[PDB]
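Shown next are two forms of a single protein chain, provided one at a time as structure tokens under the names structure 1 and structure 2.
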Structure 1
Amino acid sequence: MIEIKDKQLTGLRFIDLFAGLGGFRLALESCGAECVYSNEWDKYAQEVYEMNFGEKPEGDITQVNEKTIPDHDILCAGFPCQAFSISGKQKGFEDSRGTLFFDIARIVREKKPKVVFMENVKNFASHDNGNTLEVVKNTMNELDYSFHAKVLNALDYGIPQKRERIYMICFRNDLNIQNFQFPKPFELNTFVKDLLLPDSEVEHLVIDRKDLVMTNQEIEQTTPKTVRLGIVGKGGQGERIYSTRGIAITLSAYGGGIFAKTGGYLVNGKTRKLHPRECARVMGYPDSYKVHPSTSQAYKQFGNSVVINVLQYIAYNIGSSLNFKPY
């Protein structure tokens, strides 16, 4: 994450829905805001959350009475994406995991917060010939809110990872906000090679296979893109090997293959996958965050999360707009 000197969100309160590891919480707290409610139903995720923030989140949002939720200024939500991802079956609103958006709407109707901040995958903007996004935009308009949305790539904000996502920002109409803007991209200067741990600590992740087929030579200069060097098996998800002089492929939660969820890399002459701590680093988390003792739950949690740095820039811009009040 980045250091913020000008704390634009001092005095404001927020709630953390579909909490996970708390990526939305780290970002907003660094800007000066205070968290007054959290919700998440997974046993293992509630354990890391409590380990790091000192509180246990509430369970199943579909059966929580929206009137019991505390007053707040900003609602945060990185809702489920299996029903919209290009890697799944694309069932959309027909999917039992695809209706969570209407629960958010239910809460927004009652509490009427100043800002709604949401995140989902890139395919969300294209799904069902554009109907899915129009449905979300019209619902927010009907509740008396404006709608701003755009797809941003993590590699343009200083983190070496190809992770394209859609961010949706909404302001209550009586506030009359007319100067909000998404942050501007800058040049990348850090690469996969600069975030790795010492060879001694990662010996156990090395994989030596006999069907390894190199198809490209190692590159001699760094570059802001994914560079594939070789393959194992039939070359499907989890069987592709990349260079550490380039950037990392997007991390997943339920992925398979011998190099599952992280992908494989050529390091000092050997091929291996990433360690949980290196996953924390490519997601923008500080070395002081404590990970789950179970390696299996840790990879799943990081693959479902958000890049901290990108949210910090967006949150600062939300505060700047709220504070501009001339006579």
Structure 2
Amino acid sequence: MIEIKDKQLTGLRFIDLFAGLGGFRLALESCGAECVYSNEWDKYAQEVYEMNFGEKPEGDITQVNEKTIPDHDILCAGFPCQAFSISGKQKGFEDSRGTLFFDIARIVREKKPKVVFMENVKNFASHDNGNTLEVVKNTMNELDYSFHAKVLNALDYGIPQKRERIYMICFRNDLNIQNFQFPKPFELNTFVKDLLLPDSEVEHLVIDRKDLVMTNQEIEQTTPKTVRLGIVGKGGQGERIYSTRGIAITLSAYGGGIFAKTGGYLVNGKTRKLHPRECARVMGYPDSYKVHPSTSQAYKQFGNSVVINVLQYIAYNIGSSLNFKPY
């Protein structure tokens, strides 16, 4: 993550829904905001969340009563995508019933807040011929909110990894805000080689394979692209080797293969996976964020997580718009 010297959010209060590892929390707390709530049911996530943020989030959202949630200015949420079974006249609020989204709407209609800050998968914009996005959109509009959405790729913001994700920002219509804008992309000057740990701490991740077939040889120059160097097995997912002088492929929580979630990399004449500190680093997490003792957990977590840096630029630009109220 990077440091923000202009705390455009001091004094503002927020809730961290579907917490996971606490990305949105790391991000907003650096802009000055304060955390008033958190919710997350996966006992392992709650375990890491507590190791860093000292507290344990509450449980199953489906069961928390709306009128029970603290007063807040910003609602943060990276919920899980699910299809909507639209069975009726046109689209809106009533169709979000049965999904965990309805739980967001349920809390927004009855408690504050100035802005709803969400995030999801790269293809949220296309799911069901656009139907999935059409619903969340019409729902926010009909509760008196404005809707802005965009797909930003993390390599365009100082992080070496291919990872497109839709970011969605909603401003209460009461605020009258025609002033918002998503950050501008820039030059990348950090690649996978700069994020690795020394060999001594990564020996146990080397995988020796005789069916390794090299298609290209190591490039001499770094590029902001994904460079496939070789293969193993059938060359399907999880069995492809990448160059450290490039960008990391998209980390995944539930993938399989020989090099399962991190992908495999040619580091120093040996083929290995990424270590969890590396995974953290590839997501933007600071070296001070204590990770889960179980390396198979760290993987599932960091792959369902958030790119901190991107969250920090978008949040700053939110303090801005809310702080510009001239006579």
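So that the term is clear: the rigid core is the largest set of C-alpha atoms that superpose within 1.5 Å between two forms. FYI, numbering is relative to structure 1, first residue = 1. Only residues modelled in both forms are compared.
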item: Pair member which, unlike the other, is the form solved in complex with the DNA; value: 1
item: Rigid core superposition between the two structures: residue from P183, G230, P113, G92 with Cα shift of 2 Å or more; value: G92
item: Rigid-core frame, C-alpha of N153, shift of 2 angstroms or more between the two structures; value: no
item: After fitting the core, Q82 CA displacement of 2 Å or more between the two structures; value: yes
item: Between the two structures, C-alpha offset at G264 (rigid core aligned, Å); value: 0.2
item: Consecutive-residue runs (3+) with Cα displacement of 2 Å or more between the two structures, core aligned; value: 81-98
